[PDB]
């Protein structure tokens, strides 16, 4: 019998007037930061080789090409990745104000401040209540004091709040929502973003008609080396994807569906997505709290993005991607360092997070997740009570309802997994050797190695469909060898293993051959079944992580 607070704000959905510009379209072309290079207007900035050593050093420190970034104007003009039809929407002007919160940890100076500059440059002043920077316990000296003094440039409009300890990314956003009090909606941004022209009105309009709508710009790709901005490769013939997952809860994208397109009169208006990537979005501040906000249990990574997506949909709100609001996100390069925290197992902490989201929201579907990740069944996921009560109190709808009403396309791209027959290490019987992937993928060969009971590349599972899998991969027979190979798997591919626990036998089905090894050297292969050979006896043992 708990409900969200009713719409009191009146607002009119925008109107498309083909051939007429405005009202939030800039009248004239955007002034460059520097006439007329470099990095403008998002032209690629190619450097080196006189720079290559400085570039690599900065990549190690930041994951981005900071000597390139450092010569691009903080106020640089950008390419326009939106469709033409976007320019002919007329919007109320009666929009709710916003606090954009930006969480950063050790972010480079020029990438942090260009995010800030971009938002100041391309957002109507009257709607920008504040830009709140949440320092999640950085140690780099340029972010302290230097930042304090510089920030005075905006007469208090930009404020920073330090964290005493490293709260990690999810809880730092929740801290953000508490420390950002001036605006009516919270707009979250990564600290390495550039916001496109007339990004605000499209993004905040739907929230203005209906406070329980949560909004997501289309997230474009800023090349972390050369800084030109590219849309993502998404399904739609127009580039529109909706956010999705597979049944290990890995983020996936699928194309905009014809069903959703029949719901929409226009090509460019908002559209329903089952989930959001996580870093960039807008909610009405009160609604976030009614939500609220992110489950406190969630540790440093990773979403969180699904938890908030499910709450919104299943507790009566909406999640909309807004084609006419676009934001570029810089994507990391290899070479970063760039390092996890020391925890045990920790669980891992992020795995523990998936279990929290699944156990409170997925109902019967937890089965598909424990099939994809049995190693996670017996994990100490922590206290879930208040989250379960919240869902009952607000009479939230079932994950079945959610899968069939708003996420109906997912299972056509990521089909439901078969139940497991058994999972764990594949150990040679009465020995200390384990089949182990070496992390090989997509055609490599699987080896023998000393058992370490740590799961990971020594963890397998076997399907009711006769699939021997690690992660999203399967093992099959690599012709012409007798070698066992790991490749990408599809629902009816490589259904070729059957395991006889009592027999200590894995037997390849198309041949008659058994699973075999040589203990020196560390070799795994199939050969003609022979009950004498102890090299064809295996046990499959659950590896529990505490």
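Residue numbers count along the first chain shown, from 1.
Judged by mean Cα B factor in the deposited record, 229 to 237 ranks above the other of 311 to 319 and 229 to 237. The PDB entry reports B-factors from which the mean C-alpha value can be compared for 320 to 328 and 472 to 480; the larger average falls on 472 to 480. Highest CA B-factor among the listed residues (299, 184, 110, 215): 299. For the set 514, 66, 45, 57, the PDB entry puts the maximum C-alpha B factor at 514.
Per the deposited record, the Cα B-factor of residue 73 falls in the middle third when ranked against the other modelled residues of its chain. When the modelled residues of the chain are ordered by their C-alpha B factor, residue 31 lands in the lowest third. Residue 430: CA B factor lies in the highest third for its chain, per the PDB record. In the PDB entry, a CA B factor belonging to the highest third of its chain's modelled residues is recorded for residue 340. Among all modelled residues in this chain, the alpha-carbon of residue 256 has a temperature factor (C-alpha) in the middle third.
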